[PDB]
Each structure stands twice: as structure tokens, then as C-alpha cells.
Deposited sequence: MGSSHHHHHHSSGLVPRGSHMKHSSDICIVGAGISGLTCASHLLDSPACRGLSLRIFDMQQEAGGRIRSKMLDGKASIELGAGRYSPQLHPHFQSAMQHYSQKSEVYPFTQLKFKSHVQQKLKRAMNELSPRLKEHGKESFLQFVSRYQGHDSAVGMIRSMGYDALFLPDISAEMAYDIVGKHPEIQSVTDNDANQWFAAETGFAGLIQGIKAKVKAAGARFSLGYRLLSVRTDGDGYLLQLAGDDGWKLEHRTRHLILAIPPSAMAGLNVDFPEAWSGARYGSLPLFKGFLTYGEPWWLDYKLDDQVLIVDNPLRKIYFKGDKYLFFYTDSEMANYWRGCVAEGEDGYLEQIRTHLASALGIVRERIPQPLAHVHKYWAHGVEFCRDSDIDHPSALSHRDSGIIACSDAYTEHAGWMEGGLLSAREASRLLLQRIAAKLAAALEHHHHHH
């Protein structure tokens, strides 16, 4: 039993625990934190690649100009930052060199047609084939989706490091975590455990019922069933996960609608840093082939990152088998570089991760969305980056946690 239960130990849930435990109104309230995974962190998943480097299977970068709360958290918990180098395109295609003017040329038309999908918007002025080639040249297949408006696309482009110069946001600086953002998740976790929160990792919330308070049915990843009673409940899970529980989401919560799209990253190490030769170190290529964005980190490893249908494409390759997945990568590396396949070596060790719901966000609405939500009848609070204007970014988790904890403090009344 607890007074306060948080389900979700991503950055959102852990940060809620932190604000709550920082407050005098929470003195003497026991706090329980569940997560279905065996480690805290959610979409922040740092990993050692074959003992050679720390890589980010999930969130990988931030900007102090866009993400001031996150920057403040990194400093607070004493995490070392290094420069994220992938902030420009050193090897632009001809289409990519036209991007800035092309985009600038269309911007005033956002007034009249900015609510339609970016693909239709661009197509309205350039026709289909040219719109396709231009949009594809920015490397985020999200920009092809029907539920990404032209206004949303301009926003997206200005906030991603590889293409921020297209909308003239080159001033924004970007950083990564020298030892992984998991170190921040560990630092928050250590702080909340030190203040008395109790962690139950490995349990998946299946359903919730109200009488004075709440009764939760959870299942352990080894089969162990658990029931837990709390007086106050924050579900620090994304919209997709909310939809799996029996709490009538979103009708009973906001009635807003939430989009979702998958993500994929693959990291590969090589015997020789063969890309040094071509001056690719610390650079990113954005290409039309299914690798889409190819990043070469120093002389240590390379990786690629894709979304939406290309993420599903890569996951399907993996399902067929390692060998064909690796060979497909080699074929697309050779095409991207314009050199012959046998000149791309075979990798030494690699890792990959597919996120079925890597990004979740509020769909374009005329209703303002609050940063955290509560259930009409039950007073259950819902916390996620998806509910903020930084949907898709750790910053939106911090923003949502601030509001969720504020709301819980006010319910505690």
C-alpha cells in the first residue's frame, strides 16, 4: 500500500517523484513507483557497444537553447556533456542546397494553407514528385505523414539538429551525455530512493479501479500477480500505453487526439574507421535510401536513425535475420557514398532497437492542451511529453512532470 503511486519510471515519472518528495505537503506520504521494465528510463536507453562506446538506443541529444529544464537537470545531477557534432550537412545534395530558399519561399503560404499536411502543402506549389524529392531530403519520414501539418513540419525542421539551418536556427547548440543519459535517470532515481520512494521494477499495470482511493492490478514479468492500493495515482506513461488500461482514454481525459510513429536506430562498429578517409568523421549524411540519416561518430562507430515507415522497414529486415539486415545496410552505405559495395567493410559488432511508439504527440488542434491531464471522475493524473509542445523531447517530460506534480499537490488539497 502507498499514499502516492507513480506508474512509469521514465524521466517523466521519476521527475514527478522528485518534485513531490521535494514538497512539504508530501512529508509522511509513502510513494511507490512501478515500471514494466527491469530498469528505469523508458525511452532513454543507454548502452555499451561491445565494450567500445556508450551509445543511445533512445533519446540522444539536447539543446540548451530549446531544452533549458533538461540542461538545468544535467547540471543539477552532475552529468558530463559533450558536443553533439551532427548539426549541419557537410555533403549536401543539390536538392539539399536548395532547401533553405525553397522552404523560405513557401513560408508565407503557411498563412493560407499551413494546416494541411506538409506533403500536400509542398505539392500544392511544386507538384508531387518535386515535393517528394524535397521533403525526403530532410531525412525524417514523419514529414510525409497525413497528420503532420505544414506548420508542424516547419516547427520539426527548426528543432532537429541535422536540419535546423534550413529554417535558420544554426545558433542552437547541441550536446550529448558523455556516459549516456541513463546516468541522469540513475541520478534522479538515487535521489528519490534516498528520499524514501520505493521501486517495484518489472511490473506491468493491467488495470485500475477506484473506493476512497485506488486498487491497481499488476503483473510481474515472471508471472507474479500483485494488487496495490494507493490514495493518489499518476500514470507517467505515454498515450499509447494509457489506451491499453481500462480508464477510458482519451475521451474521459481531454478528448484530444494523439498521434504516434515508430523509430529505429542501428549502431555498427568496424575493425577500421574507414569513413575517416572520406572526411565523414563527426558528420551526418541524409540520403534517400532506407538508411535515411547516417551518422559517423569520430572514429568509433557509425549509426543510422529512421522513423515512420523506414523504421518498420528496418524492423522487418531484422525479423528476417541478422545476415540480410547487415547486407542491406552495407548495400545502402555503398549507394550513399557512391562507392562500390566491396569497398564497404563488414561490421564487427552491432546493436539496434525498434520503438513501436518512439514519438507520441498531440494532434493539431484549436483547443489548448494542458501539460498534464487528470481524469474527469477519478482524479487520476496523466503525465507525458506527448502532452506538451516539446512532444518527442525529454524536455516535454520535465514540463509535464512539473504540471502533474503541481496537480497532485493540489488534489492533496
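Undergrad: Comparing the deposited sequence with the modelled residues, which stretches have no C-alpha coordinates?
TA: Several stretches lack coordinates - namely 1-23, 234, 438-451, in sequence order.
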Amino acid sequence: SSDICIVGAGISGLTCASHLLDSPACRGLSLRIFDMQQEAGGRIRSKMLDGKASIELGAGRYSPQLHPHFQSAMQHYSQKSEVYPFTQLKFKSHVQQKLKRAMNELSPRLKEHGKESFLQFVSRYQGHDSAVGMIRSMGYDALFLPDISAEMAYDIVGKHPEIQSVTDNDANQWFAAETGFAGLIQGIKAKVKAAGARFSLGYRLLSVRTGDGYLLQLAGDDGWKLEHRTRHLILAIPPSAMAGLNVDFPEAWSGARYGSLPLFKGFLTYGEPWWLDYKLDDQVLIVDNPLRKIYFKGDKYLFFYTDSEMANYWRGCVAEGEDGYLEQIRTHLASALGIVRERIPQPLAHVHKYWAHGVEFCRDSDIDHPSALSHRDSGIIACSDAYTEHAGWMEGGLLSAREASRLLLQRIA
From here on, numbers count along this sequence of modelled residues.
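Undergrad: Given the B-factors recorded for C-alpha atoms, which segment has the greater mean, 151-159 or 338-346?
TA: Per the deposited B-factors, the answer is 338-346.
Undergrad: Once you work out the mean C-alpha B-factor for both 171-179 and 211-219 from the entry, which is higher?
TA: Stretch with the greater average CA B-factor: 211-219.
Undergrad: Say you rank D141, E116, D129, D282 by Cα B-factor from the PDB entry; which sits at the top?
TA: Among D141, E116, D129, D282, the PDB entry lists the largest C-alpha B-factor for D129.
Undergrad: Highest Cα B-factor in the deposition, which of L333, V95, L235, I286?
TA: It is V95.
Undergrad: Can you tell me which third, lowest, middle or highest, the CA B-factor of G196 falls into for its chain?
TA: Middle third - that is where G196 ends up once the chain's C-alpha B-factors are sorted.
Undergrad: Test of reading the entry: by CA B factor among the chain's modelled residues, which third contains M103?
TA: It falls in the top third of the chain.
Undergrad: In terms of the CA temperature factor given in the entry, to which third of its chain does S46 belong: lowest, middle or highest?
TA: It falls in the bottom third of the chain.
Undergrad: Would you check the entry's CA temperature factor for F267 and let me know if it's in the chain's lowest, middle or highest third?
TA: According to the entry, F267 has a C-alpha B-factor in the chain's lowest third.
Undergrad: Check where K189 lands among this chain's C-alpha B-factors and tell me if it's the lowest, middle or highest third.
TA: Ranked within chain, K189 CA B lands in the middle tercile.
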